[PDB]
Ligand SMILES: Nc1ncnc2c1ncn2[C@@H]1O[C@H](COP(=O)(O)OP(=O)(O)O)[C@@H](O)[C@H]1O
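Quick setup: one chain, the form solved without ligand ADP, written in structure tokens, and binding and motion questions come after.
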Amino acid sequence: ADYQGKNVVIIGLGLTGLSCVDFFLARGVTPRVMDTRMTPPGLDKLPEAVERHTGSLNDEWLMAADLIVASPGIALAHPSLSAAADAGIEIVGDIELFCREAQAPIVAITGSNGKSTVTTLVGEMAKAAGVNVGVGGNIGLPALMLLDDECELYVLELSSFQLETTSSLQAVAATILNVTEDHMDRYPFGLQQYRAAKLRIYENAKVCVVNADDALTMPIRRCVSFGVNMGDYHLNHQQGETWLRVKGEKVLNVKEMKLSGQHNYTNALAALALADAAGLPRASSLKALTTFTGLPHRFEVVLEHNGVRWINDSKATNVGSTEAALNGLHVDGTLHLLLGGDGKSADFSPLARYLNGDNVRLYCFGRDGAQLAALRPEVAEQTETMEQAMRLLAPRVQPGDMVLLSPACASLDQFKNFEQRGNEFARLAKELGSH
């Protein structure tokens, strides 16, 4: 693509918006930047040569543009963006710009849960094969910063939002891992609209990898599949042993993995299917499965001390993710479960089946704390903040207990992101969980 001489407007700054600014400048195009936040993240790092408008969108600049580059954090349905689309002004995102330039195959991964873990795993599979791999696409690692003529493979975690503005992806292997209700605040036509955004990932993909146990991951109209009992890649349970299998052949006894639990086992299957389709050697891919230790904020044990395990699962930002942490969970004594934040209009009721019995306490906070408490008011406390919740529950904690942050909500009402929320939990857990 050739951007020379174009009037380019970037909407949304932060690290990703900055990556877009730098992309155009390096190509001899000076873009303009706008952000509805008065002082968005990264403002101080924008060069002074770049004109910017903050605190609102500027329709004069939008309607004059030849190309709009929209952050995934701004809805395409925003009136100012829809007016530009109606006028025939091209709108893309950073991932689109990346796909137009990439000179290595792309493995593309989305889904409501698991997409970071799968993306990181396939990255480790590539490294174990000695392939020069670029891994990113999420908040901390903008895709455009990965671009490098020496890269031999890219592995991208993509959100529904990024996919909405992407049209040139031709993934060597693409997956939707699962679709469970999330981001309803951005999808006013409901679950099927959210699904449709994710289905975009399979367009022009060489291999599609679907979840045999989740029909919403399947194109609406020859995909490779993974599942628990069913699928080209599936699990084989005999004795107390679990195996990863491909078409009936055993490939790995999961005792060799550091990760544990059924959803980690299906994540490993999806990652193997992707790696296989991308041409990576199977034997090195299996090696990577044995060495991978998990991501921070993903059911991460931050302290095990005095008979109590404190678990940071701050990356549980929707109901399906919390349900994965609770489903099959073993607790010797009482589970003290922290819920709260911006629930984005989600139906929390699917959590209710996990919350019966004498050994559960809920500590609910943030924007939607009252609705979370209402799942079972007799075992629930509500506070404004997570720190208040933590200081309220810590005196009640007994040897045998588990304290679990798995909030089912975004952190954005009170924190910069789920990583800051996790880090604060870990700090308080270390404070409160010893003498």
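Numbering starts at 1 and runs along the sequence shown.
The form solved in complex with ligand ADP exists for this protein as well; it is not shown, and the discussion that follows is about that form.
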Given ligand ADP as it appears in the deposited complex, superposed onto the chain shown via the C-alphas lining its site, indicate whether the pocket is open or blocked by backbone or C-beta atoms at a 2.4 Å cut-off with 3 or more atoms counting as blocked.
open
Please identify, from 262-270, 357-365, 231-239, 329-337, the stretch that has a heavy atom within 4.5 Å of ligand ADP in the deposited complex.
262-270
Would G227 count as touching ligand ADP in the deposited complex under a 4.5 Å heavy atom rule?
no
With the partner left out of view, is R298 within 4.5 angstroms of ligand ADP in the deposited complex by any non-hydrogen atom?
yes
May I ask you to state whether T166 is within 4.5 Å of ligand ADP in the deposited complex, using heavy atom distances?
no
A316 versus ligand ADP, in the deposited complex: is there a non-hydrogen atom within 4.5 Å?
yes
Residue within 4.5 Å of ligand ADP in the deposited complex by heavy atom, from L351, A324, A128, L303, is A324
Is ligand ADP in the deposited complex near all of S116, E157 and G320, within 4.5 Å of a heavy atom of each?
yes
Between the rigid parts turning between this form and the one not shown, which of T293, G190, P79, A87 is at the hinge point?
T293
